[PDB]
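Heads up, the chain below is alone and in the form deposited in one PDB entry; it's given as structure tokens.
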């Protein structure tokens, strides 16, 4: 009584939500950006995604997408300086909160994570290197 308002956090929710966002990415629905990842004259690799989700993972993505002006349809964004396999895992991280690596690719991933200022991935890579 007394017009008091109560708040309730639903603890399973953000994990289920990200799962749905990842599903939509993989079925290429609602996406508004296509990344064209050109590295060292390999053929360009394409990844579709949602700007709001990439921005939520990376201050670099957030600045890129919120700063200028385009046609507010599907934007094709040229990306250089990072291997597509690295960018693939950084996108997967933004949508899953998980990242996989091996001895042969941890430095690659760390380098990408530094470049996109994904601090939590940088720290996971560090953890991996030291063990």
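Take the two forms, superpose them, and find the largest set of C-alpha atoms that agree within 1.5 Å; that set is the rigid core. Positions refer to the first chain, counted from 1.
Exercise. Between 36 to 44 and 67 to 75, name whichever shows the higher mean Cα B factor according to the PDB entry.
Key: For C-alpha atoms only, the mean B-factor is higher in 67 to 75.
Quiz prompt | Of 76 to 84 and 89 to 97, the one with larger mean CA B-factor | solution = In the deposited entry, the stretch with the higher C-alpha B-factor mean is 76 to 84.
Quiz prompt | Cα B factor band for residue 1 (lowest, middle or highest third within the chain) | solution = Answer is highest: the recorded C-alpha B-factor places it there.
Quiz item: Among the chain's modelled residues, which third holds the C-alpha B-factor of residue 27?
Solution: For residue 27, whose C-alpha B-factor we compare with every modelled residue in the chain, the answer is the highest third.
The form deposited in another entry exists for this protein as well; it is not shown, and the discussion that follows is about that form.
Practice problem: Using a core superposition, identify the member of 97, 60, 42, 26 whose Cα displacement between this form and the one not shown reaches 2 Å or more. | Solution: Between the two forms, the residue that moves is 42.
Quiz item: Taking the rigid core as the frame, does residue 70 move its C-alpha by 2 Å or more between this form and the one not shown?
Solution: Where the cores coincide, residue 70 still shows a C-alpha shift between this form and the one not shown that is 2 Å or more.
Quiz item: Closer or farther: how do the CA atoms of residue 70 and residue 66 lie in the other entry, compared with the form shown, if the change is at least 3 Å?
Solution: Between the C-alphas of residue 66 and residue 70, the gap narrows in the other entry (3 Å or more compared with this form).
Practice problem: Since the C-alpha distance between residue 18 and residue 70 changes by 3 Å or more in the other entry, give its direction relative to the shown form: closer or farther. | Solution: Result: closer.
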